[PDB]
Amino acid sequence: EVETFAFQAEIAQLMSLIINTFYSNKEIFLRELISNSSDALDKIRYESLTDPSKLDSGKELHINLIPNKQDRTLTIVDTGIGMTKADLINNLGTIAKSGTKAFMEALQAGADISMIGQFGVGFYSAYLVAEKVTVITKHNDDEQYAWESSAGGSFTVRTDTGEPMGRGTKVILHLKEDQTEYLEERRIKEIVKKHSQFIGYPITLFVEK
Ligand SMILES: Cc1c2c(n3c1CCOc1cc(C(N)=O)ccc1-3)CC(C)(C)CC2=O
């Protein structure tokens, strides 16, 4: 069963601004998604100190960057804490509403789109390069879910039927026709070195063929 939900007004407004505003510094999307992955890895690592059984779903704490030219997708995989059904539909949207308001206020005041992460809504920077974003996630206290949105004011949530993940999040970016540079090895390496060189987890850039 595929469930369709309307984004809260502020989030729809944020997504429209990201999609329609002329802003050439699109590469910052990668540091934002890597930061979301790093925060999720920090959470599962901290939780495992008071409860070691929380690592039964996987001990390895890493980030994988998977480009696919055939499918025109860039996947950001992590073995972080993951997200529950409540996080995907309710919780994160509530936190994102207040963050969006502060960000849109800052933009009006003179701030730029690259400051998005300071407002905890960095995930949405994915729409600078992607026409569609698919989020596959598995949290210890819940089932494997697939969140998906091509913006337009709606998102879908379904129980995932694909390859079981163990624990973590996969952010699949269905790239815009003119944003294929983010599938090139040399371009991804450059971006990771420039904005994500001090991430406290191994970042593996998968190569194609
Ligand atoms: C806020 C927000 C939002 C999402 N994330 C965040 C910030 C903190 O939680 C996340 C964690 C990870 C991860 N790698 O574990 C990825 C994305 C997110 C994703 C969303 C629920 C589909 C939409 C949203 O509104």
Side-chain angles (χ1 to χ4, degrees), residues 2-19 28-48 54 57-58 60-66 74-104 115-128 130 132-158 160 165-174 196 199-204:
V2 176
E3 288 183 303
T4 309
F5 305 87
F7 280 109
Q8 52 209 107
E10 295 79 6
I11 309 311
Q13 205 181 135
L14 177 68
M15 291 172 85
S16 294
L17 186 146
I18 289 158
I19 291 160
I28 62 97
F29 81 90
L30 195 59
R31 64 142 189 244
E32 298 312 323
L33 307 179
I34 291 172
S35 292
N36 286 168
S37 287
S38 185
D39 290 354
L41 287 159
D42 286 347
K43 288 169 190 174
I44 191 63
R45 187 181 57 186
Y46 168 84
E47 281 201 359
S48 76
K54 280 180 175 180
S57 55
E60 293 191 23
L61 305 180
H62 61 258
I63 300 163
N64 296 332
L65 308 177
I66 313 168
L74 174 65
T75 306
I76 297 83
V77 188
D78 69 67
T79 53
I81 200 155
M83 290 167 282
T84 62
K85 206 189 181 192
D87 290 331
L88 295 169
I89 300 160
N90 286 292
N91 305 343
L92 299 169
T94 299
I95 303 300
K97 185 196 172 178
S98 59
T100 294
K101 197 184 168 287
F103 178 52
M104 293 198 300
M115 293 171 185
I116 190 161
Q118 284 178 252
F119 307 93
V121 291
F123 166 78
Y124 292 99
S125 71
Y127 290 91
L128 290 165
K132 185 170 74 187
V133 181
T134 309
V135 178
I136 318 291
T137 194
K138 179 67 181 75
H139 187 284
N140 284 332
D141 305 329
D142 217 338
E143 291 302 292
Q144 193 164 295
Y145 300 98
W147 176 102
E148 194 172 81
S149 184
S150 297
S154 73
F155 69 91
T156 68
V157 179
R158 74 193 81 184
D160 191 55
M165 286 171 74
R167 190 200 59 253
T169 302
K170 284 189 186 182
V171 176
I172 310 156
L173 308 174
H174 299 84
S196 313
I199 293 295
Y201 302 98
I203 302 171
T204 304

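The residues of the chain are indexed from 1 along the displayed sequence. Each ligand, and each atom within it, is numbered from 1 in the order the structure gives.
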Rounded to the nearest 0.5 Å, what separates atom CZ in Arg45 from atom CD1 in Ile81?
12.0 Å

Considering only heavy atoms, which of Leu14, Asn36, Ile11, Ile44 lies nearest to atom 17 (C) of ligand 1?
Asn36

Heavy atom of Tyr124, distance to ligand 1 below 4.0 Å:
yes

Count the heavy atoms belonging to other residues, nucleotides or ligands that lie under 6.0 Å from CD of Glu47, then report whether that count exceeds 12.
yes

Please indicate whether any nitrogen or oxygen in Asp87 is less than 3.5 Å from any nitrogen or oxygen in ligand 1.
no

Under the 3.5 angstrom rule, does the side chain of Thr137 hit a backbone N or O of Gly168 as a donor-acceptor pair?
yes

Counting heavy atoms only, name the option from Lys43, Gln8, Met83, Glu32 that's nearest to atom 18 (C) of ligand 1.
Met83

Ignoring hydrogens, just give me the one of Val77, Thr169, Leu88 whose non-hydrogen atom is nearest atom 13 (C) of ligand 1.
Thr169

I need the atoms of ligand 1 closer than 4.0 Å to a non-hydrogen atom of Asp78, numbered in the order shown.
13 (C), 14 (N)

Calculate, to the nearest 0.5 Å, the distance between atoms CZ and OG belonging to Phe5 and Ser154 respectively.
11.0 Å

Distance-only, no hydrogens or angles: does the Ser16 side chain make a donor-acceptor pair with backbone N or O of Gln13 under 3.5 Å?
no

If you scan protein heavy atoms around atom 6 (C) of ligand 1, the nearest is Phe123 CB, 4.3 Å

Quick check: do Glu148 and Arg158 have side-chain heavy atoms less than 4.5 Å from each other?
yes

Contact check, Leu92 vs ligand 1, heavy-atom distance below 4.0 Å
yes

Would you say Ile95 contacts ligand 1, with heavy atoms under 4.0 Å as the rule?
no

When you measure from the heavy atoms of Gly120 to every atom of ligand 1, does any distance fall below 4.0 Å?
yes

Short side-chain donor-acceptor distance under 3.5 Å, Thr84 and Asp87:
yes

